[PDB]
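> Enclosed are the sequence and the experimentally obtained structure.
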Amino acid sequence: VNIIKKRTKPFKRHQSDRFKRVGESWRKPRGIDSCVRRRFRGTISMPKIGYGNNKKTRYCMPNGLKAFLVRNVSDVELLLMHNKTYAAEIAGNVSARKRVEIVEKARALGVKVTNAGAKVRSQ
Amino acid sequence: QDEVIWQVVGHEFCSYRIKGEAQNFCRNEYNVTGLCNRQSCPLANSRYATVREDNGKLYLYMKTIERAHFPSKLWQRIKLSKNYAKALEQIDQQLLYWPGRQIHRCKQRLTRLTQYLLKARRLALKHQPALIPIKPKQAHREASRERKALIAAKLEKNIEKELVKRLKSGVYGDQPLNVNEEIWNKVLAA
Amino acid sequence: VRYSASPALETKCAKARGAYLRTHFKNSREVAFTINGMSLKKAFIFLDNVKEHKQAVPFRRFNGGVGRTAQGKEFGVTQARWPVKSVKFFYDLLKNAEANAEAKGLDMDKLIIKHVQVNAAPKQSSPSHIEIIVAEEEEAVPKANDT
Amino acid sequence: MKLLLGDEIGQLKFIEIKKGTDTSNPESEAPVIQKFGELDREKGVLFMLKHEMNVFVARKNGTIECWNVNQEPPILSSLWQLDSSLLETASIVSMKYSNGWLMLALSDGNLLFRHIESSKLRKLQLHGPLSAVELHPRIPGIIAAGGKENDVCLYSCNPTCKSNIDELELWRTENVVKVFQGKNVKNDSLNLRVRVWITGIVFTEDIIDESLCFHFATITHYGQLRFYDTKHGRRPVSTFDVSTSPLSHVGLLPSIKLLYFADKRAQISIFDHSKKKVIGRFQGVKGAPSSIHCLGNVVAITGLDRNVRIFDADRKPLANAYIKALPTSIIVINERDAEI
Amino acid sequence: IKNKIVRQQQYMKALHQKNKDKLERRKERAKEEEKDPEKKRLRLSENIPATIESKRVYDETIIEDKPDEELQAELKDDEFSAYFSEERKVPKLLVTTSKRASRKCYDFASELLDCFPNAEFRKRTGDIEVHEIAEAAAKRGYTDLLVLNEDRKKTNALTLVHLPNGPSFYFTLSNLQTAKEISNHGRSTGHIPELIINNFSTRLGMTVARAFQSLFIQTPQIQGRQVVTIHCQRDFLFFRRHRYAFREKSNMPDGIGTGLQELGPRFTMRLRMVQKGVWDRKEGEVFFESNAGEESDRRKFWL
Amino acid sequence: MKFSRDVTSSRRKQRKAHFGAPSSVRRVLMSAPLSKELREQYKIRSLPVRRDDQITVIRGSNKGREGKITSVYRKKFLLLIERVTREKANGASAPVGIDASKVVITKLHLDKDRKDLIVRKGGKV
RNA sequence: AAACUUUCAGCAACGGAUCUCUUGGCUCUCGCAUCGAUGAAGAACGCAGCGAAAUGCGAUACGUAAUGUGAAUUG
RNA sequence: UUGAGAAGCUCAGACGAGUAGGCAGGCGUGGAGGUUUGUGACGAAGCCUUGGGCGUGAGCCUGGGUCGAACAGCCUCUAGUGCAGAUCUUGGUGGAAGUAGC
RNA sequence: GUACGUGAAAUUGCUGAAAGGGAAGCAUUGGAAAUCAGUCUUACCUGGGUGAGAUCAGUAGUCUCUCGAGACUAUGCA
């Protein structure tokens, strides 16, 4: 099944572009005076359950394999029977040596490691 | 003694569970599918059968109720033959009259363990680059000592210091072609 | 010291700087953005005319109540003035701008002012930081004929 | 310490280095040399076997000879010459002496056995390509073969001997028979053939037919030092991954009753044969060692960093010099220092 | 002092005395030197500023300019002889690349080929290895063989081998700049460029530097007045290709000092590994390996 | 674990009584391990450090440099050994502080006090 | 068009948040009973080799005696 | 036919603004017990980013740079646990302006 | 570099690229410039011949478990 997104532009809290105190993460407005709350046309949209994505092609990367944080060499082993539905995303704090051994074994399991190239310059 | 050990470990806390976001995974070494399902967890399911390699040759591990209280002797073992059609015919003759769900798993984890050895052997025989680690302490030292050693050579100045010395010594014919007509006479004056 | 300019190579360039200079910040800037991009020895003949009221420096950005002069039209700017304290400080710097190539052994008669910077300072007034870049004009060799 | 040297351009460097001499240190004394020999590339040195005091330095053009170092400076005692046909296709990979005999084995199985003083030579033919051969030092007249895809096999002139044999009987082509041929280890952990490339053979029987159960250990280009036996069978009795760079030199340290090895990357490290593990490494070397000779409580490592160290049984660096050229083999003459 | 306010007032007053008597040391020195410029001399002959090049570690393999025979007996008969002897072999370069290289690795692989005539470009396709390339490239009249080895769309390393058995060198490119990025660049021409190589005091310095003489044509055209530099300085091999024009400059004592205009590229190498023999990263014998822990001393140099 | 209500396990109390101990406590906190040749002839695991001992340095960047202790600096918790001297820019030499726990004692400066400590504390002369 | 303003990015400034610590606080618990006309608590002044919002001390003054440890102090 | 986390799986219809209010499921922060044969000087936390990824969203995962000693996921316990606003408290910095003015 | 661990935001100056006819700000759909990612690198699968052996031997032994189940050491590699 080809992956699809009902929306691609994230939601952006109202007037979080003008003021630097107001952050961009979404916060539903609380006043009935609001133009946005009454949903006047022309104002920005809102997070609703309508924009929920397909319950089967959810959590999937655009390739089709879902992600999976592998933080050591025995976390990629579980992905042995799931190499065509999961991509072994290595965690960020893993050292640049313990990383180069996950790659050499995930490659045997045919698992896509998404960022195997970090800290690893090849010769 | 089975739903007891699934309503404890399957729903409250099990040390092997991994909270994924679309699934949950089991870190047990005797799981046949990798997931923490009811019909998959090796702790609740008290008659089980898994396939897992050990140093080149794939094995089959089986347990029963009547050995459950003996954790050392709990799992027996059968070594699976190299011929892939022989191994399927050897799983069945050992796993007879077991449910069709369980024997389905073992044959699927035989297809999945053979593809791992048939790949990691070809992968080991190819010649592939060396993943060598970068090191922040020794790439911030280079960048530090580079610009301290780049400006400490007067790179452009030492080029021209000998470039005229290469001219003034006369490695080119007396009147060369890379020089204009006037300043060569200064070299004649030199 | 780590400077703000990509130029000022070891090859044909030299730098000086001046920190915590007890002058105004909105007054040395308009001087600084006038002397910028000019040759070195001309800037000396330029600024001494400011010291004798022979030339005024335009006030482009911080043009608060600056009366019009007759000589501000040499650059097209309406308003200009003759600050004397700020240009006294720049002369001190540009001496070090010379005397650093005089120790590096450059060519002095192809020397332009490449990058002059004026910043603020930790308030005690409105003090200033200044760093200057003087560089040779990066000449061009004629191309060899054909191939 | 008295120790003789010879580089790839033929000349002989004769060193009087002593303890505490670090040529990198300005506050150390300078090396004392008496250099001679041919300065051309064609007479370049390959090996320096040590006859009891006479060095027998061979050359790439086949000018194997006899150098006595008792005289100061050494003067050539005698000289041999080999035919150019054995230089055309073959190349010299070994030279070892035991009981008045001198091999000059080549890279195709040609075994030129030359006598020392009687000068009666015997040539032999063997199996595929060679990379190392060796003589049993205790029992006279036992050879070990070895090369790439030519696993170790024990051709022996006299299989019995029982103490010793008269010299002129030795190494007749009629009596040399293989009394041992190696059998490979099993397949790898992925069912792949363990490819065999023997690079050096040393006889370990000191530190572990009358006098059977021959014991020896060999190294491989693929990086796996393997011990051997005959009473136990034709498989190696032990296999270790002592390193991963191709192992270049193996030998004994007879004062520790222990066996060392080396490689291309200079992981020259002693190896416990009793506890089956590497115990210590010779530190400070940065570059491929070309040859290593050991004598008593000292060793000498000459490397492609153009240096000659003096380590000991306890791998403590004694002396460290520079030699102005690319060396090829080192021989130790005097264990004592310069003042003795 | 555990206080912070006291600690930077006690130091402000301590510095303002150390910043005072230094002037009091130099003010009294200021009056006697213009009476007697001879004491000015001694000091100047005494207190020359000390710099890293003058405070090196004493390495005994610094070859002096005095010609000793054992040097020239070696390197007149090595494998670099054909590019140094009377034969004067024009070296034909082969520049391959790392497998599955990208676009940003290929626009740099045209800038080096601007530097090198008698140099082809052959992009590495599919499954082939460097040791099999060298033997397959020597049979078609090639001399050396460069390999640009990018990673993640930046070029980081460069290895050149010497055929068919010569020493193989593994540098790493750093501080990479193209020809477009440099301010006041120039066009290159078809003229074969000229060479300069500086500060290779070590013996290993005169092993790499000959393998850098080995890539350039042994007698260049002078009409282009193009110069290529390999300047070792603190074990970094600076590469700068310039085009010069001689013009009068009064400061330097001869009066005639040229003016350079860079062409590109602008890269800078370290030296990591050197292997006699074709470069196999695992099946090779190491002539020199870079110790990343014995280069901590900024006064220790190996090039 | 510790089973006394008259010893303290808090980092606060232990790390204060260390850094603010007087210069008699600051002596037995600066002790050095004896060499393996002295550990069997005095039967003492460790001695407090005196001046003019005969030590070797095991850890640190000054590995293996032997000497004698010049000035046992009880304040900043470090020994000061002979001729192991980091340079200074001006031209003078500076002393390098080697921790008193890193050195290995090879020859004691035996006195009447030390002997009367040696002969009772598990050993003899 | 340049300038000026605005916007983006890089760099330099400003500024001291975040993170990490912690000879400090706060809280609970346990043992103990001990100031003064034989001059207390407090105050002033002095005393250091070089001391300056601090410490110790009393003209025997950054303390003596007695015991114990055992060779330092430090800029 | 294996789709038994029966707290799962599966089939079919209708429905979808929402104030006071009512109900439910989750996200995040500091500490506590258990757990990950957990991550870390080959660089933990933080920070910045014209990089990529997920979730409807609160949020999370990650590449690059910076940096230098600690830190996180899961199940529970616990609260000094979430800010745009209070002529809000403290600190820092702007436009007014080099104007008012001495 | 004592204006000293990390060094956020406001805010200031320079440089680069843009935009600006008495309003910007944001949302939606796309153009132009810049730039980024995608495994596509290669892998896959199918006969004969040659060699290697092991779970093969009309084969001999050891140990731990439970007749045989694994781990082995030989020897052949039918």
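Thanks, I have it. Numbers count the residues shown, from 1 in each chain, chains lettered A, B, ... in the order given.
> Make sure residue E:111 is actually in contact with residue E:262.
No. The pair residue E:111 / residue E:262 is not scored as a contact, 12.0 Å apart, by CB atoms under 8 Å. Where C-beta positions appear, they are placed from N, C-alpha and C, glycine not excepted.
> So what's the residue count around the residue lying closest to residue E:244 once chain neighbours are set aside?
Closest residue to residue E:244 apart from its sequence neighbours, by CB to CB, 6 or more residues apart in numbering or on different chains: residue E:258 at 4.3 Å. Counted by other CB atoms under 10 Å in any protein chain shown, the residues lying close to residue E:258 total 21.
> Report the contact partners of residue E:258.
B:160, B:163-164, E:244-247 (CB atoms under 8 Å, 6 or more residues apart in numbering or on different chains).
> Could I get those residues in a markdown table, plus columns for secondary structure?
As requested, the contacts of residue E:258 are exported to a markdown table (DSSP: H, G, I helix; E, B strand; the rest coil):
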| residue | secondary structure |
| --- | --- |
| B:160 | helix |
| B:163 | helix |
| B:164 | helix |
| E:244 | coil |
| E:245 | coil |
| E:246 | coil |
| E:247 | coil |
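> Restricted to buried residues, select these in ChimeraX.
Restricted to buried positions by 16 or more other CB atoms under 10 Å in any protein chain shown, the ChimeraX selection for the contacts of residue E:258 reads:
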select /B:160,163,164 /E:244,245,246
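> Just name the closest of the contacts of residue E:258 to residue D:113, please.
In terms of CB to CB, no member of the contacts of residue E:258 lies closer to residue D:113 than residue B:163, at 63.6 Å.
> Contact partners for the closest one?
Contact analysis of residue B:163 by CB under 8 Å, 6+ apart lists E:196, E:227, E:244, E:258.
> Get me the contact residues on chain B for RNA strand H.
Contact residues, chain B versus RNA strand H (CB under 7 Å from any atom of the strand): B:6-7, B:10-13, B:15, B:17, B:19, B:21, B:23-24, B:27, B:29, B:35-40, B:45, B:99-101, B:104, B:133-137, B:139-140, B:143.
> In contact with the most centrally placed residue in chain C, which residues?
In chain C, the centroid-proximal residue (CA atoms, centre = their mean) is residue C:35; its distance is 4.0 Å. Residue C:35 is in contact with C:43, C:46-47, C:90, C:113, C:116, counting by CB under 8 Å, 6+ apart.
> Then residue A:99?
Applying CB under 8 Å, 6+ apart, the residues near residue A:99 are A:90, A:116, A:118-120, B:133.
> Wasn't it part of a strand?
No. Counting by three-state DSSP, residue A:99 is not found in a strand; it is helix.
> Can you name the residue of chain B nearest to RNA strand G?
residue B:147 (12.5 Å; CB to the nearest atom of the strand).
> Count the residues that sit near whichever residue of chain E sits closest to RNA strand H.
Closest to RNA strand H within chain E is residue E:152: 7.0 Å, counting by CB to the nearest atom of the strand. Neighbours of residue E:152 under the rule other CB under 10 Å: 12.
> Quick one: the helices in chain D, in order.
Ranges of helices in chain D, per DSSP state H, are D:85-88.
> Kindly report the residues of it close to RNA strand I.
That would be D:183-184, D:186-187, D:193, D:232-235, D:237, which are the residues of chain D within reach of RNA strand I (CB under 7 Å from any atom of the strand).
> Relative to RNA strand G, which of those residues is nearest.
residue D:187 (52.2 Å).
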